[PDB]
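Novice: Fold the following for me, if possible:
(one chain, ligands or ions: 3)
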Amino acid sequence: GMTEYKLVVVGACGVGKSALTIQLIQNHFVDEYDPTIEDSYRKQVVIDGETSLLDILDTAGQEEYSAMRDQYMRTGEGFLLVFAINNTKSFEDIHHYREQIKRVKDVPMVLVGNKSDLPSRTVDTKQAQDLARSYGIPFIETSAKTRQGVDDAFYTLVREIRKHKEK
Ligand SMILES: *CCC(=O)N1CCN(c2nc(=O)n(-c3c(C)ccnc3C(C)C)c3nc(-c4c(O)cccc4F)c(F)cc23)[C@@H](C)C1
Ligand SMILES: Nc1nc2c(ncn2[C@@H]2O[C@H](COP(=O)(O)OP(=O)(O)O)[C@@H](O)[C@H]2O)c(=O)[nH]1
Ligand SMILES: [Mg+2]
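Specialist: Residues are numbered from 1 along each chain as shown. Ligands and ions are numbered 1, 2, ... in the order given. Find the structure here:
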């Protein structure tokens, strides 16, 4: 059989939410994707031998309340919290994104450090590890450019959802 998963990708503008999503959906790096496009995208994959259909909301709007988005997130099963390792402000926003999610919703999440290909690092892996530990969630390093960690990020989130469902 198969299992469907309703996922949401959040994080500051320009961290690579769309690039990550498109790597999952289409398996290549789309470097120019309209920063204002918010949509859900579906992709069939296989995770630990089970056919898995992922529906992924790639967030992009700036408003505090956006009806369709909020109804999606209210019923979202897991969230990727994405920052960029070269942008300290994106990492500082993570705890605010976590707060907003809890507000709309124990919720499966994965902390994602994207742009790991860039040498101009400003956020240390160890800081990201501290934060993920404080929430009791996984931390995964990614590059949407090279595709490093992309499956790890989404598949780890699915694995976190499986665990949550057992409870
Ligand atoms: C290039 C544009 C882009 O990618 N954006 C990403 C989404 N986005 C955004 N901005 C933002 O300030 N908030 C927000 C709001 C509206 C209120 C309080 N805090 C925040 C941030 C700092 C956490 C966004 N909030 C959400 C969000 C809401 O509103 C509710 C539940 C879960 C959420 F993640 C959101 F989806 C996007 C937010 C801007 C930067 C554009
Ligand atoms: N070098 C590098 N650039 C990236 C990566 N992910 C996204 N980008 C670039 O960062 C910018 C913002 O990406 P985008 O997916 O639009 O971010 P979003 O606003 O979170 O959707 C774009 O110019 C992308 O080409 C990455 O992993 N590495
Ligand atoms: Mg985008």
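
Novice: can you give me the helices for this protein?
Specialist: Counting by DSSP state H, residue ranges of the helices within the chain are 17-26, 67-74, 88-104, 125-135, 150-166.

Novice: Centre of the chain to the shortest one, how far?
Specialist: The reference is to helix 67-74. Centroid displacement of helix 67-74 relative to its chain, using Cα atoms, centre = their mean, to the nearest Å, is 16 Å.

Novice: what about it and ligand 1, touching?
Specialist: Yes: using Cβ under 6 Å from any ligand atom, helix 67-74 reaches ligand 1 at residue 73. (C-beta placed from N, C-alpha, C; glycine too.)

Novice: Check which residues of that helix are buried.
Specialist: By 16 or more other Cβ atoms under 10 Å, the buried positions in helix 67-74 come out as 69, 72-73.

Novice: Return the most buried member of the helices of the chain.
Specialist: Compared across those, helix 17-26 shows the largest average neighbour count, a mean of 23 (mean count of other Cβ atoms under 10 Å).

Novice: residues in contact with the residue nearest to residue 51 when sequence neighbours are not counted?
Specialist: Residue nearest to residue 51 in three dimensions, not counting chain neighbours: residue 2, with 4.0 Å by Cβ to Cβ, 6 or more residues apart in numbering. Shown in contact with residue 2 (Cβ atoms under 8 Å, 6 or more residues apart in numbering): 44, 50-53.

Novice: How much space separates the one residue in the chain that gets nearest to ligand 2 from residue 67?
Specialist: Residue nearest to ligand 2 within the chain (Cβ to the nearest ligand atom): residue 16, separated by 2.8 Å. Distance, residue 16 to residue 67, by Cβ to Cβ, to the nearest Å: 26 Å.

Novice: again with residue 154
Specialist: 26 Å.

Novice: Also residue 73?
Specialist: Distance from residue 73 to residue 67, by Cβ to Cβ: 11 Å.

Novice: repeat for residue 14
Specialist: From residue 14 across to residue 67, the span is 25 Å (Cβ to Cβ).

Novice: Also residue 46?
Specialist: Separation of residue 46 from residue 67 (Cβ to Cβ) stands at 34 Å.

Novice: Residue 96 too?
Specialist: Taking Cβ to Cβ as the measure, residue 96 and residue 67 are separated by 21 Å.

Novice: can you pull the contacts of the residue lying closest to residue 3 once chain neighbours are set aside?
Specialist: The spatial neighbour of residue 3 that comes closest, neighbours along the chain excluded (Cβ to Cβ, 6+ apart), is residue 52 at 5.7 Å. Contact analysis of residue 52 by Cβ under 8 Å, 6+ apart lists 2-5, 44-46, 158.
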